[PDB]
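Notes to accompany the following structure.
Please treat every number below as a calculation from the coordinates, not as lab data. When we count neighbours, we look across all protein chains shown, and the Cβ atoms used for this are built from the backbone with ideal geometry, even at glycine.
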2 protein chains.
Amino acid sequence: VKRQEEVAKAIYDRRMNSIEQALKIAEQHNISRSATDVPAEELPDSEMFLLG
Amino acid sequence: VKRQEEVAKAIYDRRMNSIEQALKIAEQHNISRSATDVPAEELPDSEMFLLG
């Protein structure tokens with residue numbers, strides 16, 4: 001139970017970091033439209049910049 | 001564990017090269033030889049030009 005708790009936290013922390021980095025790039029290049037209709041739930045950690 | 005870290009490194013490096021080559025050809029034929037560039041507009045909805 002202790003091992004399963006720390007595994008889920010590591011994944012959650014990684015997702016937090018990726019979101020923050022993609023926000024800075026989007027504001028720098030001034031992209032506000034939704035380039036892709038695929039929902040953010042199933043997007044690879046690389047490509048959040050394909051969102052407004 | 002160390003083997004798993006170097007497997008993901010190889011895939012990540014392959015994605016690096018693929019994107020760089022796309023920029024080279026796009027900045028050689030579309031921009032350098034032809035007048036097509038960012039000021040050509042139609043960036044939001046032009047399919048291939050949206051991925052310019």
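Would you mind working out the magnitude of the charge dipole of chain A relative to its Cα centre, with +1 at each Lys and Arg C-beta and -1 at each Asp and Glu C-beta, to the nearest 20 Debye?
180 debye
Within 10 Å of the Cβ of each residue in B:19-32, the mean number of Cβ atoms contributed by other protein chains is 0.
Here are some pairs, B:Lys2/B:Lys24; A:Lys9/B:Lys2; A:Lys2/B:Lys2; A:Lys24/B:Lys24; which of them have Cα atoms lying more than 28 Å apart in this structure? Distance filter (> 28 Å) returns B:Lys2/B:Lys24.
Net charge near B:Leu43: determine it from the other residues with C-beta under 15 Å of the C-beta of B:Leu43, scoring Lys and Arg +1 and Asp and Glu -1.
Numbers: positive: A:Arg33; negative: B:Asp37, B:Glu41, B:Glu42, B:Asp45, B:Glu47.
Counting the neighbours of B:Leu43, the net charge comes to -4.
Ordering B:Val1, A:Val7 by the number of other Cβ atoms within 10 Å of each residue's own Cβ, fewest first, gives B:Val1, A:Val7.
Mean residue ellipticity at 222 nm, helices only, chain A: -19500 deg cm²/dmol; runs of at least 4 DSSP H residues each add -39,500 (n - 2.57), and the sum is divided by the number of residues.
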